[PDB]
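Visitor: There's a structure below that I have some questions on.
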Amino acid sequence: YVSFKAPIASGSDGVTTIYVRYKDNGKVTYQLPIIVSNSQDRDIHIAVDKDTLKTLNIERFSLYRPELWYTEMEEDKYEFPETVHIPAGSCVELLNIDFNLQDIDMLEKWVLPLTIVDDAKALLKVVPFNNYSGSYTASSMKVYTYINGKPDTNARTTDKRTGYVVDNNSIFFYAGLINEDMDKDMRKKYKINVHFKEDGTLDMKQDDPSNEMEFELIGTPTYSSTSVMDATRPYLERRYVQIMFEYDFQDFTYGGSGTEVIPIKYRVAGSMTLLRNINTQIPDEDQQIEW
Amino acid sequence: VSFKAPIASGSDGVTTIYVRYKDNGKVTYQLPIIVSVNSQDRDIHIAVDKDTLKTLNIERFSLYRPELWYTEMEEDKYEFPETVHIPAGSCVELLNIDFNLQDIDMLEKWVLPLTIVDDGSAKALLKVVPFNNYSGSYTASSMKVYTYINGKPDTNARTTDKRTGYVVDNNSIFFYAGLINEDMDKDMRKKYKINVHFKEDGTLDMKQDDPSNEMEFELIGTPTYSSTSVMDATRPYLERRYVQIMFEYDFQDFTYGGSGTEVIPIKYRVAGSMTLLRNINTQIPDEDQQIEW
Amino acid sequence: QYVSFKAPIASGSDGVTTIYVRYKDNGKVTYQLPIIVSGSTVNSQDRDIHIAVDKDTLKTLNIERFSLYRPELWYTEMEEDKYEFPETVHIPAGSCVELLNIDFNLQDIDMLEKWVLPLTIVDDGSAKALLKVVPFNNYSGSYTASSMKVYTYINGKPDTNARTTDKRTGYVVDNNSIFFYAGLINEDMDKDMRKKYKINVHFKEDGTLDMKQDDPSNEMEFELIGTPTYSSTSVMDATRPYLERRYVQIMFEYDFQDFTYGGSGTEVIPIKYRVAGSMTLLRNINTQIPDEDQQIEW
């Protein structure tokens, strides 16, 4: 039996998360092993399986929740050999998936659905990353509601916010506590592009040119990058990226679509910190990351 | 041959239609019956499609979430002609759906499932949403819900972004007390209805719907409301009409444990305001056609 | 005639029937499940009804209700070592009711799982029962947690703003010990992650509590603050004078860390919390019924 074997096992839906680094013009290669679980010179044929991904979306999220659906990766963003040759004697070969991630919209949950048509499926959730992207701890980020023109004393918080890749040193967030799984046409309006500068200051500007959420940065946001060695595991390095910011924005889409509502102005203030666990015994900058 | 409602259907195939509650709740909804030149005198037969609605409820919500299900509108609350004649040449005709909405329980998500059984040679799942000048989705960001801890309301308050005000009659609506989930078990949910009546003198009447008042609703002070209108800066013909209600009350959540089992009620102090916005396109003389939903 | 099962309460929206069994001396307790012969005529046959465990009906329910993509919400088939019941039940000619004696051995049962005993009548000697076995003691059930404040550690000190929920479930461990999930940890989260936040609460005679984390390595960095206490009080209902309301209030304060909020896999910065306040359990007792189990109004 000929199948695929990713470094980590798939989730409850059969989707495997793969982490690819965004580098120089975002050209990066992922190596997916193909296993024969051999006295034959086998030419294995691989193809994009659009249909398995559609069936999974229906089965998991249903036709009634398309905002939660995985999106098939665009043909212009990837390339892989149609045929993989495993000579007689070998039982393992690698499928080199070459990605071109430049200008990828991380609004979508990109999946590359692969299948062995001639000797088994692989639903690869392609997650680009840089030194500033991932799941930030947002417990010190306070979101105050404007009540009678002034921010209220009572603050709302969440445990984490995702920083999505834009390029090699820029990421984006969804403003305040905006639901990261809300209607895609509506959530793209709350993107905040955050660029990491050499002097330790950040650039924070809304993605929406018309700035319908009326994003307004307060003061000069900053970031600090520090590293601690683990006590228990002495070769493990914990790398922290703390971002400190303050801004105002408005939720003008909470009523659902179509409906024009009274915007709810919010004051977002505090910090968020990203952790990256690195196994400094592994010299490769990508293989050393412990996801 | 198909149907054409003013707004396109949602993610489930259900089209929301807005019908004004008026004089004893008798209102007619004129629903276009489009053709996509018609050289035939066609007699298009319309029927209630109970089965498409049942299939949708199962497919979207499942048999295990009936509290989320759409309810087929009661036969006593609507009437429409079985046959719609579109003469040769016409290509577009209006189906007259006559509703009798008096004493409609807006606890239910009413749907009128229609189908074309004969085109005289297409479905419409109409979610009937009655409205008055005071119903819709109210902004509830200035509404604070305090939990009673050791007999006194706590300092920490909980808020939500919106609450729905459902039609009762022409000048009365209802809300679900505090932050009670508007999609919870229907038998439980109905116990938390607050009837809000808008008087001319600018004051309100707020009383629980439950005669036995099991949620121990107690109005504090006198609830008032303000109704104002502003003309838009950008679009000069657009009129923004605001209705703000100002209230304070106490109630108890005695259903959070599910059903059957008896729990310690959680008393809450609800205090603040809620505001409803209605966008009206002046230059359109009809009071229902000017609304931009 | 139709042969079926008849539990004291009717089944839920899913079709699972909740049965309450008391945790006693080494947790050995018997549940009596009646088997009924319904029909217009009198049973003139000596019927030998055959009962079996129906693994498949439970699997079908789990998939139909929660789907294959939410296994953390799934019911778990009860372990064969925790129950015993006769394979055959004899209803003699004349009778239409007999009882299936289900003998449970609940010692060391992990209440992390929603245990279901799926039963079926394979032969009526000429109907399914999905029993959700819920062990209970005098301290287990759904506690009101509105006075339980959870403060987030911001810059090494607990924040002024507190988060609360309406209820927390106290699950049976033994006859006088229960467990909770620390702070506001989701009781329906990934089970492998969920089990790490168990707090074993033991009710002592002097009115004090023992609160220790179940995880031997204490990865959640649980730290009890001061001495937690409990008070047990009773009020008689005004309207129904034989009804007794039993309250068990537990007063505690502790610190813990949520180190699993990111999902599984990638290691996150733990969020330290200060949990402080009280929780109260209500139990309604019908004093006219002398039996300690039959008197409880669930």
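Visitor: Any residue at all in region C:139-150 that's within 20 Å of residue B:264 (Cβ to Cβ), within 12 Å of another protein chain (Cβ to nearest Cβ) and aromatic (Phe, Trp, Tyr)?
Guide: Yes, there is a match, as at least one residue in region C:139-150 is within 20 Å of residue B:264 (Cβ to Cβ), within 12 Å of another protein chain (Cβ to nearest Cβ) and aromatic (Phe, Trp, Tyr).
Visitor: Just give me the residues in region A:215-255 being part of a strand (DSSP E or B), more than 24 Å from the chain's Cα centre (by Cα) and either surrounded by fewer than 15 Cβ atoms within 10 Å (Cβ to Cβ) or within 14 Å of chain B (Cβ to nearest Cβ) (or both), in sequence order.
Guide: A:216, A:228, A:229, A:250
Visitor: From the list C:204, C:212, C:196, C:167, which one is touching a strand residue (DSSP E or B) at 6+ places or on another chain (Cβ under 7 Å) and crowded, with 17+ Cβ neighbours inside 10 Å?
Guide: On the way: C:204 fails: crowded, with 17+ Cβ neighbours inside 10 Å; C:212 fails: crowded, with 17+ Cβ neighbours inside 10 Å; C:196 fails: touching a strand residue (DSSP E or B) at 6+ places or on another chain (Cβ under 7 Å).
Only one candidate passes the filter, namely C:167.
Visitor: Could you check how many residues of region B:256-274 are surrounded by fewer than 18 Cβ atoms within 10 Å (Cβ to Cβ), more than 7 Å from chain C (Cβ to nearest Cβ) and either closer than 24 Å to residue B:165 by Cβ or in contact with a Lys or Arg (Cβ under 7 Å, 6 or more places away or on another chain) (or both)?
Guide: Residues flagged as surrounded by fewer than 18 Cβ atoms within 10 Å (Cβ to Cβ), more than 7 Å from chain C (Cβ to nearest Cβ) and either closer than 24 Å to residue B:165 by Cβ or in contact with a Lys or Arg (Cβ under 7 Å, 6 or more places away or on another chain) (or both) within region B:256-274 amount to 1.
Visitor: Still on this structure: How about region B:65-79: which of its residues are within 14 Å of chain A (Cβ to nearest Cβ) and more than 18 Å from the chain's Cα centre (by Cα)?
Guide: Residue satisfying the conditions is B:65 alone.
Visitor: Hey, among the residues in region A:151-171 that are under 14 Å from residue A:193 (Cβ atoms) and small (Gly, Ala, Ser), which one's farthest from the other protein chains (Cβ to nearest Cβ)?
Guide: Top of the filtered list is A:170.
Visitor: Quick check on residue B:51: is it more than 24 Å from residue B:185 (Cα to Cα), among the charged types (D, E, K, R), loosely packed, with under 13 Cβ neighbours inside 10 Å and more than 14 Å from chain A (Cβ to nearest Cβ)? Steps first, answer last, please.
Guide: On the way: more than 24 Å from residue B:185 (Cα to Cα): no; among the charged types (D, E, K, R): yes; loosely packed, with under 13 Cβ neighbours inside 10 Å: yes; more than 14 Å from chain A (Cβ to nearest Cβ): yes.
No; evaluated as a whole, the condition is false for this residue.
Visitor: Residues in region A:203-210: is at least one more than 14 Å from chain B (Cβ to nearest Cβ) and over 30 Å from residue C:154 (Cβ atoms)? Give the derivation first.
Guide: Initial filter on region A:203-210 (more than 14 Å from chain B (Cβ to nearest Cβ)): A:203-209.
Those still in the list that are over 30 Å from residue C:154 (Cβ atoms) too: A:208-209.
Scanning region A:203-210 turns up at least one residue that is more than 14 Å from chain B (Cβ to nearest Cβ) and over 30 Å from residue C:154 (Cβ atoms).
Visitor: Here's a follow-up. On the basis of being under 22 Å from the mean Cα position of the chain (by Cα) and either within 25 Å of residue A:142 (Cα to Cα) or part of a strand (DSSP E or B) (or both), does residue A:273 make the cut? Show your work before the answer.
Guide: Numbers: under 22 Å from the mean Cα position of the chain (by Cα): yes; either within 25 Å of residue A:142 (Cα to Cα) or part of a strand (DSSP E or B) (or both): yes.
Taking the combined requirement at face value, the residue satisfies it.
Visitor: Need the failing condition index for residue A:143 against (1) closer than 30 Å to residue A:29 by Cα; (2) in a strand (DSSP E or B); (3) among the aliphatic types (A, V, I, L, M), just the number.
Guide: Here residue A:143 meets the rest and fails (1).
Visitor: Just one of C:150, C:172 is within 16 Å of the chain's Cα centre (by Cα), of a type in the set (A, V, I, L, M, F, W, C), outside the structural domain of residue C:108 (by CATH) and on the phi < 0 side of the Ramachandran plot; which is it?
Guide: Details: C:150 fails: within 16 Å of the chain's Cα centre (by Cα).
Only one candidate passes the filter, namely C:172.
Visitor: Scan region A:56-74 and tell me whether some residue there is surrounded by 17 or more Cβ atoms within 10 Å (Cβ to Cβ) and over 30 Å from residue C:63 (Cβ atoms).
Guide: Among the residues of region A:56-74, not one is surrounded by 17 or more Cβ atoms within 10 Å (Cβ to Cβ) and over 30 Å from residue C:63 (Cβ atoms), which makes the answer no.
Visitor: Moving on. Could you list, in sequence order, the residues of region A:112-161 that are touching a strand residue (DSSP E or B) at 6+ places or on another chain (Cβ under 8 Å) and of a type in the set (D, E, K, R)?
Guide: Scanning region A:112-161 gives A:118, A:119, A:121, A:125, A:142, A:152, A:156, A:159, A:160, A:161.
Visitor: In addition: In region C:109-125, what count of residues is obtained for those that are in a strand (DSSP E or B) and closer than 24 Å to residue C:179 by Cβ?
Guide: First, pick out the residues of region C:109-125 that are in a strand (DSSP E or B): C:115-123.
Add one more test, that the residue is closer than 24 Å to residue C:179 by Cβ, and what stays is C:115-117.
The number of residues fulfilling the criteria is 3.
Basis: the model, the stated rules and, where named, an outside source; no laboratory instrument gave them. Note that each Cβ is placed from the backbone with ideal geometry, even for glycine, and that neighbours are counted across all protein chains shown.
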